[PDB]
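Here the structure is laid out as structure tokens; the discussion comes afterwards.
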Amino acid sequence: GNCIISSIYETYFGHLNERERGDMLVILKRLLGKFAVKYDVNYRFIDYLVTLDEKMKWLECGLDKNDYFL
């Protein structure tokens, strides 16, 4: 479930505003429930790909604290 959410996150959600982004997340989660694959609700792609070392090394380079730019 996390890898299919990871794929849709890393591909689809570059040019989407946050309200419609959350709407599309919950829509695909609903479809996952309809087709019965085990995916959670509180998954974050940062929790699976971005390490704290790289996060610090990129925040020191001129990055803000907003999750959208992260």
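In the structure tokens, chains take the letters A, B, ... in the order shown, each chain's residues start at 1, and ligands count up from 1 in the order shown.
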
From a backbone DSSP assignment, name each residue in region 8-48 of chain A labelled alpha helix (DSSP H), as a PyMOL selection string.
chain A and resi 8-12+18-34

Excluding residue 10 (chain A) and any residue of its chain fewer than 4 positions from it, enumerate the residues within 12 Å of it, using only C-alpha atoms, and give them as a compact mmCIF listing (two decimals) with C-alpha atoms, in the first residue's frame.
# COMPACT_ATOMS: atom_id res chain seq x y z
CA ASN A 2 2.81 2.41 0.85
CA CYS A 3 4.60 1.81 -2.45
CA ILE A 4 1.48 2.52 -4.51
CA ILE A 5 0.87 5.65 -2.40
CA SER A 6 4.56 6.51 -2.86
CA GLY A 14 3.53 18.10 -8.22
CA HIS A 15 1.11 20.68 -9.63
CA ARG A 44 4.18 10.12 4.91
CA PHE A 45 6.67 9.79 2.06
CA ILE A 46 9.25 11.60 4.21
CA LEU A 49 12.40 8.09 1.77

So that I can see what lies close to residue 40 (chain A), please list as a ChimeraX atom specification the residues with an atom at most 10 Å from it, counting only C-alpha atoms and leaving out residues fewer than 2 positions away in the same chain.
/A:1-2,5,29,37-38,42-43

Which of these, A:70, A:17, A:24, A:41, has the shortest distance to residue 58 (chain A) once you count only C-alpha atoms?
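For residue 58 (chain A), the nearest of the given residues is A:70.
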
What does the distance from CA of residue 19 (chain A) to CA of residue 47 (chain A) come to in Å, to one decimal?
21.5 Å
